[PDB]
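Enquirer: Any chance you can model this:
(10 chains)
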There are 10 protein chains.
Amino acid sequence: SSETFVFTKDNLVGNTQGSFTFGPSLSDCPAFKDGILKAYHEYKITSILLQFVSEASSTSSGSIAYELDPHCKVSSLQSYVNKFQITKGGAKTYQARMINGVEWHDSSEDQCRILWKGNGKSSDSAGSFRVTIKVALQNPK
Amino acid sequence: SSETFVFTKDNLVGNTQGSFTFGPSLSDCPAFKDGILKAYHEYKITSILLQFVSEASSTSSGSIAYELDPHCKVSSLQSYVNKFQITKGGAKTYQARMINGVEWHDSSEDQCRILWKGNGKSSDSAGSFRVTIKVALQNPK
Amino acid sequence: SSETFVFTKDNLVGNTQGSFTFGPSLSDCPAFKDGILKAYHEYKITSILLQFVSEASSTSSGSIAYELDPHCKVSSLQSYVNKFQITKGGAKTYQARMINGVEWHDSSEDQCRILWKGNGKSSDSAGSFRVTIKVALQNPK
Amino acid sequence: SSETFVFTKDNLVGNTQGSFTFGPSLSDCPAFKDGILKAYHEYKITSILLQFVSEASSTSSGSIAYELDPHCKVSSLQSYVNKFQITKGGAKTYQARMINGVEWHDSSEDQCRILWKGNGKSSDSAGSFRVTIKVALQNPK
Amino acid sequence: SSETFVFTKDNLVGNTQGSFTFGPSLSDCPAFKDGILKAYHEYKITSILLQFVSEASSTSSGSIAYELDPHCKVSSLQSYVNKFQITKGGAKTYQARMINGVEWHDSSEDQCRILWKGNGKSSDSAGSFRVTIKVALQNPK
Amino acid sequence: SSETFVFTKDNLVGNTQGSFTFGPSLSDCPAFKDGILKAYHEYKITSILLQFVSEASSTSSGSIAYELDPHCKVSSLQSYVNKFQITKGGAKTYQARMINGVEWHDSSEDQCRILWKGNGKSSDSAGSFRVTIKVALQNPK
Amino acid sequence: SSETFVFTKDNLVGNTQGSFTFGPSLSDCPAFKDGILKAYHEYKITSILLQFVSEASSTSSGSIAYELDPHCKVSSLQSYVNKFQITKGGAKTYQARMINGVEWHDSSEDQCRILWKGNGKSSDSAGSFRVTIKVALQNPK
Amino acid sequence: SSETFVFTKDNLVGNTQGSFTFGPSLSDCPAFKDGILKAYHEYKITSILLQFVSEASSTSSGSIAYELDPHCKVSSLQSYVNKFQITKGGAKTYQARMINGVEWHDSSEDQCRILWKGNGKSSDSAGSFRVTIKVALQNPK
Amino acid sequence: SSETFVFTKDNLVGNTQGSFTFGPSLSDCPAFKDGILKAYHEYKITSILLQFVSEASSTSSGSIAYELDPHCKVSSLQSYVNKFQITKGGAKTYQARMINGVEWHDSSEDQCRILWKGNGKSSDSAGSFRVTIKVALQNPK
Amino acid sequence: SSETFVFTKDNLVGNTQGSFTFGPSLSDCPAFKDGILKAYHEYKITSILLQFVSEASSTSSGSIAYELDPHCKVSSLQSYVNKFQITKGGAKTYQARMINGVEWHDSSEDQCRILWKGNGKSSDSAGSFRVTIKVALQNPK
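Expert: Numbering: from 1, shown residues only, chains lettered A, B, ... in the order given. Here you go, the structure:
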């Protein structure tokens, strides 16, 4: 009973922060939060495609960094290894073994938490994060 | 992005009535009503397996009748051709061409409406209707 | 009797809105509106290639969002999942099964309605939307 | 549960008009109007063979025109492309894809409407239209 | 982007005259005149099937003559070589090399002009000329 | 006796206009205007590669539109279907059948006329149009 | 309906001039001028064999030059590239692609114009130009 | 970008002299002098076919001699090894290695200079020298 | 016992300088400096992928240059051959033979030193240098 | 004894000019000027890769043009056919036959001269021209 869910993030300022805690704590996708997840005992997210779609001016400087965090144990970013540019948007595709997606998780367990943090100005705009998850569910409820 | 949904109906009295209006009007499966259906533009239900699982006494007489109604245009049963027995439960599997399931339907359109009506006593119990739908969705939202 | 039609949209401001209701309600392509469509009973649009060709400055911030809406039932955008950037233009190709293009439609029936809505400034310019439709028609009139 | 129905039209004057609205509005075939159609939920007409069998004098001038109209949306002819001659009768065979006969229609939905209009005299006679439909029905009622 | 267009001529008297100047001067097919032709720079008509469908009495004498004229340079018939009979209708199929249909023509250039002239009575009727053109267009506008 | 000719257009302002009337009216390539063309009776241009090479600032907004016009009959643009962006330059390759390049043309006949028209500011600069034509000539003079 | 026509030019003086404008302006071949050409709408000349048959003395100096001119646009010679000798006569065979003989021409259109001009004395004699054309005609009139 | 050029020499007297300095100093072929050569940086002439086409009387005595001179360093003939006869004309074909045609030459460099000198009378006429060069050019300008 | 290490450089100003002295002198990767390197006698770095990930405005001019220096013997850049652009970031992958990575190095020996030096402004920002090294170690300690 | 040489050009202003006269007159590569060239009698440059590596702001307008000039005979540009953009840098690879690199040149002979000329502002910066030559030398000295 696999299903894909596409959800977006709103008009983002350049120094934005946040976290996509996947599972029953996605406030940004209610069709997965209290939609398909209330009708099954256990799930796992097979893949996560996180996409930064930037409507930003070409004179805006900065870069929005992100980390995967496969076990939901951090609340800030704390690691600036890989990052998107605010002018030129990007995309990152996470497979199953990266995102704790090989074992079945209970429907009250968060799976993984992608976090971001930008360093741009507090007046520019880079509203983005089209996110496409592929989730599989097996035990109906 | 296909997905199966299993939902049940509660403790049924012998002279029960009702309707399973599939689509955005299933009050009996919220994980399909305002779950996966709010995250896609259009859907179609590929198959419907309606199962009558009877916990009824062997001295209870009656038979619960049902009809398919592939276009949601009737509110009562009005046709007693095929039916389940209250003592011996049954099962009926509907494929795609029977249930208006060959074309994509908008996510505010009801697809088909299975109706039932029993003729048993108002004191017996035959709580049943394990229903398993296979639905496909394509245009994310 | 297949035929391709290319039509454009005019000088677009950055916060533009609108809708391309395909069929007999395209005000932007009269050669399909009251041209080839008045000489046939029924049609279907096999494919739609919507292209955003941006003549915009590299210091203009914003992003024009769009949705497909395969059944003409919405008048505003209401979904910001996928979008073009105003600086870097884009292209999106819709096949037949996405755009209600598998069954023949009567020549007074609108088929699908692509909508857009931008979030840029009301002074910038991103004049765009070269649209190429492939339509098939069979029953002459 | 396929079945063929042959019905005729009466003694036709040379300037005759009319329409064969197929489905539950055929007044000219009651064995399909309130016969086999009241015992099934949904139908589709697989083929329509319309035949003009003319008993007309060889000195009568005129030609009876006809159109298919696969979606019941016109009440007059309005298109004189193809036509029968009043002296020499004819025949026209419509397959499934022409007559909106690929999807199942509800038993209160008209499917297609063949219309005719002649230009002969109001005193001649060309009584005709042996019509043979092949209809399939699946969901009993 | 090839397309076929079928258009007819109205109730014809026996001594009828006229001309089918193909291209942007067909007054008898607006779906080709200001329909598909306004959306392309250049075209060519691949084939022309001219058909005389006669609803005429068998006591009406006469014959409607026609000529091809592949370059639009004559306004009357002036050549009675080939002709249809008013009682027994006919058909003539013109390929590409006959009708100046090997090179691309601009969308303000008439291609060829089929002319007819009958010698029957001014009271009889032979309403006819179902014409089917196959046109190809390449450069969108 | 095939030969390729590369010629450029000068320092272009953002709202530029013009036309490349190919043949004996190219004022921008004298080596083809009164060079190789005075020594042959007839020619044809096999291909035309029009390239927009932009030295423009990334804060300059606008887009230079162009059309092919295979028969030299228009003096303004009048069609804004396809276009280059002033910031990001482009390229368009026209084959033989598009540009009236299948038949031999006399050396006093213009073949085709590519036109452009921009909508940028009258102070910016996008000096461009490296054009490469492939021409064949056969009858010496 | 192909046909060959052989026509000659009269007693030529050594400094002769002229032109063979092929089509409806050949004054030197009336069997092609107002013979076979009045009975067809369109023609094309498949080949032209121009032969210089010299009855000239071996002490006469000079050379008669000629050019092809595939589009009837020049009235004098203006090009002395290839030429016959007045003493030793010659022959030149022109195929279809040289003489504008690949497309059908209307019967009031001149096709090509071979011109000659000699430089001999005004008292010598070289009477010549046996010309053999192969012409094809298709649309009768 | 290879191309062939055919140019002739005018009415020649029997004791004629001259030189064909190939490259940018051909006064006898302007379509190569300031035609195709102004649009390329560098060239080389692949072959030279020099042909003596004599319209001379059979009682005129003499012989026009010629030399190749692959490096443009002589202004008179100075070598009478090979020669044409004034009565019987001739032809000489020079390949690439003879005429300094293996390396690319700049477009302001003369390549080779064929010279001639006749010994006939100053009253006879042998107007001739149909010359056909095959030139290749590579670097556009 | 191969292992990959990804480390980044902080918020970089446009005129930044520095050096990545690989081995026991990486102050920017302590998990390789006094992590895995204290537990082995000898190592070698198999590959180095240096990536410039720019969050810089599109109106910032400059270019950050870099050199490899396979033997740690220079402290400034002194060579501006290859370089990244501050607006458009880049990537450079160094294999084993380039970076002195074919022989085993002692764990107190620096291997190679990549240096950079930019020429941008002292107010812009291009924070970058995601560096991924692949190191192999063999002799435990 | 082939060898590659990489040399750069310094901090370039937007309206820069110059020339790379290859051979013993490269002032920008002394390791080829009075390095390897003083130890051999004759050389030839097999290939030249000229690369424009731009550290320029995205609001700087202009384009730096260049020409090849395979024989060192021009001192200014004089031809604006192909060019780089100042914002988006580029690359051009010249093979052996383009750059006079098929014959051996003496070590006091310049081979070819690439010239450039920009049209940008006199205050912007686009410091660039990483040039990589492949040279072969055979006769030691």
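Enquirer: contacts, neighbours, all on C-alpha from now
Expert: Fine.
Enquirer: From the chain's centroid, how far away is stretch A:16-24?
Expert: When distances are taken as CA atoms, centre = their mean, to the nearest Å, stretch A:16-24 is centred 6 Å away from the chain's centroid.
Enquirer: For that stretch, list every residue counted as buried.
Expert: A:16-17, A:19-24 (16 or more other CA atoms under 10 Å in any protein chain shown).
Enquirer: go on, stretch A:99-115?
Expert: So stretch A:99-115, judged by 16+ other CA under 10 Å, has buried residues A:99-101, A:104-107, A:110-115.
Enquirer: Out of the residues you listed, flag the one nearest to chain E.
Expert: residue A:114 (46.6 Å; CA to the nearest CA).
Enquirer: Wait, that closest one touches residue A:21, no?
Expert: Yes: Residue A:114 lies in contact with residue A:21 (CA atoms under 8 Å); the separation is 6.5 Å.
Enquirer: Phi and psi next, for the residue positioned nearest the centre of chain A.
Expert: With distances taken as CA atoms, centre = their mean, residue A:20 lies nearest the centre of chain A, 4.2 Å away. Main-chain torsions, residue A:20, degrees, to the nearest 10: phi -110, psi 90.
Enquirer: ok, now residue A:32?
Expert: phi -100, psi -30.
Enquirer: now residue A:58
Expert: phi -80, psi 0.
Enquirer: Contact partners for it?
Expert: A:87, C:58-61, C:87, F:58-59, I:57-59, J:58 (CA atoms under 8 Å, 6 or more residues apart in numbering or on different chains).
Enquirer: now those residues as a markdown table including distance to residue D:47?
Expert: Output for these, formatted as a markdown table (distance: CA to CA, whole Å):
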| residue | distance to residue D:47 |
| --- | --- |
| A:87 | 60 |
| C:58 | 60 |
| C:59 | 62 |
| C:60 | 59 |
| C:61 | 58 |
| C:87 | 55 |
| F:58 | 63 |
| F:59 | 63 |
| I:57 | 67 |
| I:58 | 65 |
| I:59 | 68 |
| J:58 | 66 |
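Enquirer: Just give me the closest of these to chain G.
Expert: The closest of the contacts of residue A:58, once distances to chain G are taken by CA to the nearest CA, is residue C:87, at 49.2 Å.
Enquirer: count of neighbours near the closest one?
Expert: Other residues near residue C:87 number 32, with proximity taken as other CA atoms under 10 Å in any protein chain shown.
Enquirer: does any part of the longest strand seen in chain A sit near chain I?
Expert: In chain A, assigned by DSSP state E, the strand with the most residues is strand A:42-52. No: using CA under 8 Å from any CA of the partner chain, strand A:42-52 never reaches chain I; the gap is at least 13.7 Å.
Enquirer: Beyond that strand, next helix or strand please.
Expert: strand A:63-67 (DSSP states H and E).
Enquirer: So is that next one next to chain I?
Expert: Yes: Strand A:63-67 is in contact with chain I by CA under 8 Å from any CA, via residue A:63.
Enquirer: Show me where chain A has its helices.
Expert: A:30-33 (DSSP state H).
Enquirer: residue contacts, the closest residue to chain G within it?
Expert: Closest residue of chain A to chain G, CA to the nearest CA: residue A:88 (54.4 Å). By CA under 8 Å, 6+ apart, residue A:88 lies in contact with residue A:54.
Enquirer: any idea how far it lies from residue F:53?
Expert: Using CA to CA, to the nearest Å, residue A:88 is found at 22 Å from residue F:53.
Enquirer: before we move on, what about residue A:94?
Expert: Distance of residue A:94 to residue F:53, computed by CA to CA: 39 Å.
Enquirer: Compare the two (neighbour count), which wins?
Expert: Ranked by neighbour count (other CA under 10 Å), residue A:94 and residue F:53 place residue F:53 first, with 24 against 14.
Enquirer: So the more buried one versus residue J:82, what's the distance?
Expert: 8 Å.
Enquirer: if I pick the residue of chain A found nearest chain E, what's in contact with it?
Expert: Nearest to chain E in chain A, going by CA to the nearest CA, is residue A:55, at a distance of 30.4 Å. By CA under 8 Å, 6+ apart, the contact list for residue A:55 reads A:87, A:125-128, C:61-63, C:84-87.
Enquirer: make it 6 Å
Expert: A:126, C:61-63, C:85 (CA atoms under 6 Å, 6 or more residues apart in numbering or on different chains).
Enquirer: same check, this time on residue A:3
Expert: Here residue A:3 is in contact with A:134-135, B:1-3 (CA under 6 Å, 6+ apart).
Enquirer: Relative to residue A:138, how far out is residue A:110?
Expert: 17 Å.
Enquirer: picking up where we left off before, ok, the contacts of residue A:55 vs chain J, which is closest?
Expert: Using CA to the nearest CA, the contacts of residue A:55 come closest to chain J at residue C:61, 14.5 Å.
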